Amino acid sequence: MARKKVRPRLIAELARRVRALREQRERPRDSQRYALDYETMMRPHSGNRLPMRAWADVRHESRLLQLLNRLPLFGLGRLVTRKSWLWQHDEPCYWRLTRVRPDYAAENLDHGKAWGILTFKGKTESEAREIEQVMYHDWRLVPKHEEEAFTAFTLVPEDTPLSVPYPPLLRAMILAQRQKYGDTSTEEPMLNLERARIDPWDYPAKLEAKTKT
Amino acid sequence: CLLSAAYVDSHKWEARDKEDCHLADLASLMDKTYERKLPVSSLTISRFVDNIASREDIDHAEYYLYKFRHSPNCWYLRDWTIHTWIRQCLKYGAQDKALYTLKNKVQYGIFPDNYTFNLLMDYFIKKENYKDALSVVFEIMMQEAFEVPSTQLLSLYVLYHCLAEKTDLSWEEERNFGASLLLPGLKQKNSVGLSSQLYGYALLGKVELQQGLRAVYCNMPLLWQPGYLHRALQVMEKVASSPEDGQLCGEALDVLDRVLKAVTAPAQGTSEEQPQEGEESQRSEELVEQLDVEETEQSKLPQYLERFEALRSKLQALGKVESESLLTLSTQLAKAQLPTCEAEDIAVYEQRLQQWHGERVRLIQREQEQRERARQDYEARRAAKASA
Amino acid sequence: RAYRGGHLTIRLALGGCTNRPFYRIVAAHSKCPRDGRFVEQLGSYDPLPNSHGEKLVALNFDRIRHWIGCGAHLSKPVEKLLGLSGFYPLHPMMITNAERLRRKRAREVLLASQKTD
Amino acid sequence: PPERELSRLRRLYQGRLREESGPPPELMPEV
Amino acid sequence: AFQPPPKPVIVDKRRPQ
Ligand SMILES: [Mg+2]
Ligand SMILES: [Mg+2]
């Protein structure tokens, strides 16, 4: 806070500026960043090792831009799916590519940021978005003829009861609370789950920064 | 053959190059932009590819197209520039470098999804050169390029090679062939398209049963779903309501399949003894794509053998469509359908040719407008100087 | 003290003396020390069974749901406590551990009649 | 659980698997 | 394995003397 003799620290500012600058200038190309040593299963850049459960899927499968580099327009309007989704969810889960912006420092051109519109468990989101976990090796491309076989969706309704009992004590508290104010109605108190809907963990999160309203 | 000659290719391409540029000036401007690490217009490249007089300058074209596809604008290559490069190769050798940039694919980033593939293929047919036309077929299939009936042109070719096949095919060869039968055959017009579909589904079925399902779809535009033989037998089920199958080679190949599936069962040491590579590494790294409930295809063999024996008894007795040769009959078919399809392509490809010129014109206009604005603001800042 | 991040939470502070534990149920910042500063005291839980064979838990229910209503987070053991009380459904892990316990009793029953033979 | 789901898990966690467990005993016996 | 094309010499000594 304010004490009348307080010294003017200059270098505090200098280091902020200089650090931000050396950050922007040395900001790593994601070509080298997610680069992976397949023998040791170790990132050169971060020195990080990959989790045991991801090993096989790393050896045997391909990252997104590995399947998008050999596409003619670099794969616009194409449908893409993820191995994990195919194993867990029997309903269709795909990404439709809106933009693709590869990273060219790469000799083999395997890396880059993507965008699109997502269908998960058959439900479709109405907006464009940046796709998440591109660098992963789970990615697969669906062929043109099979496109209309995957996009084929059998629409089924949801059977989970809209309401459930309150937990035993809480129910008692509510009962007694309404007896006290002279409400005689013995209609069971019910807990309404309409807004308690949550997406399974597989559902990809938006990388886009939030606009504050 | 009819396509190329009757299309008047050379006249249009000679008519196309309007630009009047220099190769050394473009090379220095480019090299400069890559030195300072900045982007490069697709215009400079289209120009540089238009102005090539020599094989050496085609080498230089290759180099600068590479070093362009490794630059920020690599998605901005248009069709007419790719076209220019193909036609320049047609001016010189056409049979080497175009095939090398197509097989390289990803590096050079030509990706001519177009009538251009048809063009290249015809320029192979005229001059013979089978094997290289085959590889180009494979790459047109890998890019899954058929909205055009290059398919027939390719189906034709593949079926030529289909007779040119007497050999013992390895894993990747069998795969390649299955894919070149399947993805090119879309044809509902004829029996031959359908029985080439049968051929493909059969070959890929062999690939599956012998090695693994993963071997099939790995890099190929195919589906990971295990049923394949079932898809073929479904196409043979379509014959109850439909006239035609071509159906000699369906017989022959599905006979070879049924014979290897049979022979593998009683003789374990004859059929399955061939993979010695690593037992401990393959047992430890063993992965299973298939579920426990999924009913592995190897357990369905008694049904398959029945269907192919039931269905082949029906088809020949009902459809009566047994072909005496697939090679020749297909050849006749696509040679018959060829001319009208040409006549339909000529109309479109022309409008594309004018469109591309409109685009180039607009873009040069933008170049000029920009440069003039930059010169006016430069004169305004140089004549009267105000800076902080 | 000023922190970078972290959320409001309902946890157990551990008071007590060696071998005789005691807990103060507490609403605290997440990043601050276990026994340290807190926002509000909520309840107490005494693990050791008393003269009457009871573990005493105290919950200020009104304030608890005031904070849950501000989006405070619960610790797994506080979850287990509320659930036990019946103010929350049973925590799945309570149920599961119960089942595991049952199967252990079963296998020790069989092992007992197998060793007796 | 449904058998399709059990097999699905089995595919996911393969080799890292453990012995499948059945229904819990209803009441718990003593020593 | 792919080997990139060697650096071009694009000089025409007739245009610039
Ligand atoms: Mg880490
Ligand atoms: Mg102490």
# chains A, B, ... in the order shown; residues from 1 in each chain; ligands from 1

$ residues_near_ligand --ligand "ligand 2" --cutoff "7 Å" --atoms "only C-alpha atoms and all ligand atoms" --output "ChimeraX atom specification"
/C:16-18

$ write_last_selection --atoms "N, CA and C atoms" --output "PDB file, in the first residue's frame"
ATOM      1  N   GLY C  16      -7.524 -32.144  17.525  1.00  0.00           N
ATOM      2  CA  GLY C  16      -7.419 -33.347  18.276  1.00  0.00           C
ATOM      3  C   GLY C  16      -6.049 -33.366  18.848  1.00  0.00           C
ATOM      4  N   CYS C  17      -5.730 -34.493  19.455  1.00  0.00           N
ATOM      5  CA  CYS C  17      -4.556 -34.625  20.293  1.00  0.00           C
ATOM      6  C   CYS C  17      -4.135 -36.044  19.927  1.00  0.00           C
ATOM      7  N   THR C  18      -2.888 -36.428  20.133  1.00  0.00           N
ATOM      8  CA  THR C  18      -2.436 -37.683  19.533  1.00  0.00           C
ATOM      9  C   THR C  18      -3.256 -38.897  19.959  1.00  0.00           C
TER      10      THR C  18
END

$ closest_atom_pairs --of "chain D" --to "chain C" --cutoff "9 Å" --atoms "only C-alpha atoms" --output "tab-separated table"
residue	atom	partner	partner_atom	distance
D:23	CA	C:99	CA	8.9
D:24	CA	C:99	CA	5.8
D:25	CA	C:102	CA	6.3
D:26	CA	C:102	CA	8.1
D:27	CA	C:102	CA	7.6
D:28	CA	C:102	CA	5.7
D:29	CA	C:105	CA	6.6
D:30	CA	C:105	CA	7.2
D:31	CA	C:109	CA	6.7

$ residues_around --residues "residue A:151" --least-positions-apart "4" --cutoff "10 Å" --atoms "only C-alpha atoms" --output "ChimeraX atom specification"
/A:79,91-94,119,122,146-147

$ interface_residues --of "chain B" --to "chain D" --cutoff "7 Å" --atoms "only C-alpha atoms" --output "MDAnalysis selection string"
chainID B and resid 291:293

$ closest_residue --among "A:102, A:168, A:112, A:77" --to "chain C" --atoms "only C-alpha atoms"
A:168

$ residues_near_ligand --ligand "ligand 1" --cutoff "9 Å" --atoms "only C-alpha atoms and all ligand atoms" --output "tab-separated table (two decimals) with C-alpha atoms, in the first residue's frame"
chain	number	residue	atom	x	y	z
A	46	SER	CA	8.35	-31.00	-22.69
A	47	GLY	CA	10.35	-34.01	-21.52
A	48	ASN	CA	6.95	-35.53	-20.64
A	49	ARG	CA	6.07	-39.24	-20.83
A	50	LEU	CA	2.74	-40.52	-22.14
